[PDB]
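Below is one structure, written out as structure tokens, with a few remarks after it.
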Amino acid sequence: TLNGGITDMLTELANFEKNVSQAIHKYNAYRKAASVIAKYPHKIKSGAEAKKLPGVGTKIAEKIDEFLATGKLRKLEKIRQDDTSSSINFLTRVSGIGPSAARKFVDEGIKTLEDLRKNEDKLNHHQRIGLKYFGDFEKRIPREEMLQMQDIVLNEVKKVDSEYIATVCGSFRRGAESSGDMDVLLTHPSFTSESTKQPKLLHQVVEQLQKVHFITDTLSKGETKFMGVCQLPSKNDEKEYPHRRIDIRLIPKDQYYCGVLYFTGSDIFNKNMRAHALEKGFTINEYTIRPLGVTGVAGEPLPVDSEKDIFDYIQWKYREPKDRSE
DNA sequence: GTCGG
DNA sequence: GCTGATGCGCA
DNA sequence: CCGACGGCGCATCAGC
Ligand SMILES: [Cl-]
Ligand SMILES: [Cl-]
Ligand SMILES: [Cl-]
Ligand SMILES: [Cl-]
Ligand SMILES: [Cl-]
Ligand SMILES: [Mg+2]
Ligand SMILES: [Mg+2]
Ligand SMILES: [Mg+2]
Ligand code: NA
Ligand code: NA
């Protein structure tokens, strides 16, 4: 892809800053730069050219000049040669191990997959599941499998209560040929911004998906959000499907459009949409869009009847989910 | 790391 | 138990 | 030129 060398380099640096340096704002700056560069319709041929883009400053331009001149970046060559950095970065790939736990682990001599299995006693439940399924969670999901997964979830939900509506969001909604995981937005008429006259609405769905053995493990679970593991059924003598990450959010029914916008993403698109909203005088979350008061405080929710309504308020033209990807 | 207050 | 902060995570 | 940068759910810990 166009400018793929550069957006790789920057993505790699972003990961280093988040996972090793624990410099989350440099992570964000590198990701914003990579993002704007990726949508730039011309081959970048200098740092001075790239610098004109929003989110590319002096230091990224210097890096782009080195990479363009040489085909590499010495900064990234040193990071790659540092075994400690590589170990720390690697352990963050385990679900439940973030940058702080990876460093502690590496500080205690736990550097490899082998080391983590010998030291299961130091891992919490989430981390144990992330380890057990490590290879499986590194794989993407063909859209073909996502369709089978959607079919099971929509079916089992319908059985619990035909009034539930479940929408598969994330990269799948955006039209991706493969997905990292499955994200399911759930609504039910008894859960609104006004009140909750039925308990256990998310719990009912989760336990039904457990009863039929689709959901296999739980990483975390509250009233509105479920994070776990699932698996498609396979045929006799066939290799098993990989276990897959699944997220389910229950959103108030009257807030469905803010919900589905948030959950459709991508993440960078959401952050750029919310930042733009901020500079247009609004604040957006998965529940509401509200006008910003002069005290800084947000006002009451604005009426929303579609995703496009949210785009209209901030004076963006409507982007279809397919155009919300990086 | 970038950009704006 | 709380509030507030941190860690890990979602898009 | 120093300090803000989307926004929040769940799990856990600190200091009450
Ligand atoms: Cl930072
Ligand atoms: Cl390189
Ligand atoms: Cl559970
Ligand atoms: Cl809404
Ligand atoms: Cl809200
Ligand atoms: Mg996803
Ligand atoms: Mg997900
Ligand atoms: Mg993600
Ligand atoms: Na710039
Ligand atoms: Na991780």
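To find a chain, count down the sequence lines: A is the first, B the second, and so on, and within it residues start at 1.
There is a side-chain donor-acceptor pair under 3.5 Å between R249(A) and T224(A). In summary, the side chains of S21(A) and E17(A) do present a donor paired with an acceptor at a separation below 3.5 Å, with no hydrogens or angles considered. There is no side-chain donor-acceptor pair under 3.5 Å between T192(A) and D254(A).
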With a cut-off of 3.5 Å and sequence neighbours excluded, list every side-chain donor-acceptor pair involving residues 87-101 of chain A.
from   : atom 1 : to      : atom 2 : distance (Å)
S87(A) : OG     : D83(A)  : O      : 3.1
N89(A) : OD1    : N19(A)  : ND2    : 2.7
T92(A) : OG1    : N19(A)  : OD1    : 3.4
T92(A) : OG1    : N19(A)  : ND2    : 3.0
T92(A) : OG1    : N89(A)  : O      : 2.8
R93(A) : NE     : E138(A) : OE1    : 3.2
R93(A) : NH2    : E138(A) : OE1    : 3.3
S95(A) : OG     : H126(A) : NE2    : 2.9

Side chains of residues 195-208 of chain A: which donor-acceptor partners sit under 3.5 Å, not counting sequence neighbours?
from    : atom 1 : to      : atom 2 : distance (Å)
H203(A) : ND1    : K221(A) : NZ     : 3.2
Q204(A) : OE1    : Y164(A) : OH     : 2.9
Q208(A) : NE2    : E156(A) : OE1    : 2.9

Run the side-chain donor-acceptor check on residues 47-57 of chain A: report pairs under 3.5 Å with partners two or more places apart or on a different chain.
from   : atom 1 : to     : atom 2 : distance (Å)
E49(A) : OE1    : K45(A) : N      : 3.0
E49(A) : OE2    : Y40(A) : OH     : 2.7

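The separation between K271(A) atom NZ and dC8(D) atom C1' is 15 Å, rounded to whole Å. Rounding to whole angstrom units, CZ of residue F263(A) and P of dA11(C) are separated by 6 Å. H25(A) places its NE2 atom 17 Å from the P atom of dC2(D), with the value rounded to the nearest Å. Whole-Å rounding puts the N272(A) CG to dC5(D) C1' distance at 12 Å. The interatomic distance linking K104(A) (NZ) with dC8(C) (P) rounds to 11 Å, in whole Å. Taking atom CE of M182(A) as the reference point, atom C1' of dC10(C) lies 16 Å away to the nearest angstrom.
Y27(A) comes within 4.0 angstrom of no nucleic acid atom, judged by non-hydrogen atoms across all strands. Among the atoms of the strands shown, only primed sugar atoms or phosphate atoms (P, OP1, OP2) are found under 4.0 Å from some heavy atom of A101(A). Contact annotation for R103(A): no contact, since no heavy-atom pair falls under 4.0 Å across all strands. Residue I97(A) is classed as a sugar-phosphate contact, given heavy-atom separations below 4.0 Å to backbone atoms only. Nucleic acid contact for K221(A): sugar-phosphate only, since backbone atoms but no base atoms lie under 4.0 Å from a heavy atom of the residue.
Under the 3.5 Å distance criterion, the side-chain polar atoms of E66(A) are matched with a main-chain donor or acceptor of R74(A). No donor-acceptor pair under 3.5 Å is formed between the side chain of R244(A) and the backbone N or O of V229(A). When atom types are taken as modelled, the side chain of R103(A) and the backbone of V20(A) share no donor-acceptor pair closer than 3.5 angstrom. Side-chain atoms of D323(A) never come within 3.5 Å of backbone atoms of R319(A) as a donor-acceptor pair (strictly under, hydrogens ignored).
The stretch residues 128-153 of chain A has no heavy atom under 4.0 Å from DNA chain D, so no residue of it qualifies as close. Annotation: proximity of residues 40-76 of chain A to DNA chain B (heavy atom, distance under 4.0 Å) is found for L53(A), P54(A), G55(A), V56(A), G57(A), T58(A), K59(A), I60(A), numbered in ascending order. Residues of residues 106-120 of chain A having a heavy atom closer than 4.0 Å to DNA chain D: none are found.
A residue-by-residue look at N28(A) and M227(A) shows that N28(A) has its nearest nucleotide of DNA chain D further toward the 5' end. Take the nearest nucleotide of DNA chain D for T224(A) and for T283(A): the residue whose nucleotide is more 5' is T283(A).
The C1'-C2'-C3'-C4' torsion of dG1(C) is positive, so its sugar falls on the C3'-endo, or north, side.
Ring planes of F269(A) and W316(A): tilted class, angle from 30 to 60°.
Ion pairing of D217(A) with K132(A) is absent here, as no side-chain N (NZ or NE/NH1/NH2) approaches a carboxylate O to less than 4.0 Å.
For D267(A) against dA11(C), a side-chain-to-base donor-acceptor contact under 3.5 Å is absent.
Using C1' as the reference atom, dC10(D) and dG1(B) are 31 Å apart when rounded to the nearest Å. One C1' atom belongs to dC8(D), the other to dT2(B), and the distance between them is 25 Å to the nearest Å. Comparing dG7(D) with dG5(B), their P atoms sit 16 Å apart, to the nearest whole Å. When the P atom is compared between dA4(D) and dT6(C), the two are found 15 Å apart, to the nearest whole Å.
Residue-environment remark: NZ (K72(A)) exceeds the threshold of 12 foreign heavy atoms within 6.0 Å.
Taking 4.0 angstrom as the limit, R245(A) places a side-chain polar atom (N or O) nearer than this to OP1 or OP2 of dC10(C). Residue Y287(A) has a polar side-chain atom (N or O) positioned under 4.0 Å from OP1 or OP2 of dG9(D).
Among residues at least two apart or in separate chains, side chain to side chain donor-acceptor pair (under 3.5 Å) pairs with a member in residues 173-183 of chain A are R140(A)-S178(A), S171(A)-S179(A), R173(A)-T264(A), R173(A)-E307(A), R174(A)-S325(A).
Comparing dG7(C), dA11(C), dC8(D) by their nearest atom to the side chain of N285(A) picks out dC8(D). Among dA11(D), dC8(D), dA11(C), the nucleotide with an atom closest to any side-chain atom of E286(A) is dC8(D).
If you walk DNA chain B from 5' to 3' and mark each nucleotide with an atom closer than 4.0 Å to a heavy atom of chain A, the marks span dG1(B) to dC3(B).
Legend: residues meeting ring pair (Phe, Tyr, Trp, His ring centres under 6.0 Å) with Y287(A), ordered by chain and number and at least two apart, are absent. Taking the salt bridge (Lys or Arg N to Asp or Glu O under 4.0 Å) definition, one finds that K59(A) meets it with nothing, sequence neighbours left out.
Of the two grooves, the minor groove is the one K225(A) reaches, taking side-chain heavy atoms under 5.0 Å from the groove's base N or O atoms.
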Could I get a table of every N or O pair under 3.5 Å where one atom is in the protein and the other is in nucleotides 2-6 of chain C?
none

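Under a 4.5 Å side-chain heavy-atom cut-off, the cluster of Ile, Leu, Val, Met, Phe, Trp and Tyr residues that includes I165(A) has no other member.
Atom-to-atom distance recorded for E77(A):CD and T70(A):OG1 is 7.5 Å, nearest 0.5 angstrom.
In this structure, the aromatic ring of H126(A) is not positioned over the six-membered ring of the base of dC8(C) within 5.5 Å between centres and 30° between planes.
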